[PDB]
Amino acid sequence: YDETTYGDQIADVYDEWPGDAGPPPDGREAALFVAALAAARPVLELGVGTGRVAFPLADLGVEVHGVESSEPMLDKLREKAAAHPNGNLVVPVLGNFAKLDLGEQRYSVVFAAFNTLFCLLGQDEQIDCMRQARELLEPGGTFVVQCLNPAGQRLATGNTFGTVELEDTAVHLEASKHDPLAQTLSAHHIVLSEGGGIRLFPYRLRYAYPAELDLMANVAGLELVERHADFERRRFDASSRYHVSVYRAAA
């Protein structure tokens, strides 16, 4: 399992998957939230993917630099950009965001949507990444992450099998193993289709509790300034499935 194998497998279907099987449908709202903080300056998406968020941002006239480790994901992105009327505002960068190498450039916002931070499989690595994000922010800037909230996510300890989504001729199931000590989720997204085809798309995450994530930020030189349930600024509480957290350079 690489930094890359998530992207590699899923690239060509990431955008086609229906409902709960796909990524969350908050592209537009995410773009507004980031854009609302971005002003006229450029922003850095970590793990830009197929640009689910980047393109909505470019529609708002926001320059976005997308770091991505996956060749195949990156190709999807560049394909979509060439067809997008605003593609020129999306700047794809091949690279590993655990070890960003962006030189002089600085950003008004650095964000990681939909568990991207949790794609780095260790607390250390996540602290490194945050510290790096910090160092790329300009005076005003902020760091925005969207993360599963373990409490509200009600994660069975051990192994689990669940129904993700139904289509007319396929089902989307997920088989997974949870290690509540390492705090890791390791899983297969399974697609079963009529007449018997089976496709498996594996992923691993390391998650953090909020109190922990906030201390991680603190070590990174970040301090938390707001926390919501989603990009529409809904109230965050214990039963929130996700959180959106905004951080800024610390005193």
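Counting begins at 1, following the sequence as shown.
- For the pair 239-247 and 18-26, the mean Cα B-factor is higher in 18-26.
- Higher mean CA temperature factor between 209-217 and 27-35: 27-35, per the PDB entry.
- Take 150, 122, 140, 180 and read off each C-alpha B-factor from the entry; 140 has the highest.
- Reading the B-factor column for the CA atoms of 144, 129, 170, 81 in the entry, the top value corresponds to 81.
- Residue 136: CA B factor lies in the middle third for its chain, per the PDB record.
- Remark: residue 97 belongs to the highest third of its chain, ranked by C-alpha B-factor as recorded.
- Sort the chain's modelled residues by C-alpha temperature factor and residue 65 lands in the middle third, per the entry.
- Ranked within its chain, residue 52 lands in the middle third, by CA B factor from the PDB record.
- In this PDB entry, the Cα temperature factor of residue 43 sits in the middle third of its chain's modelled residues.
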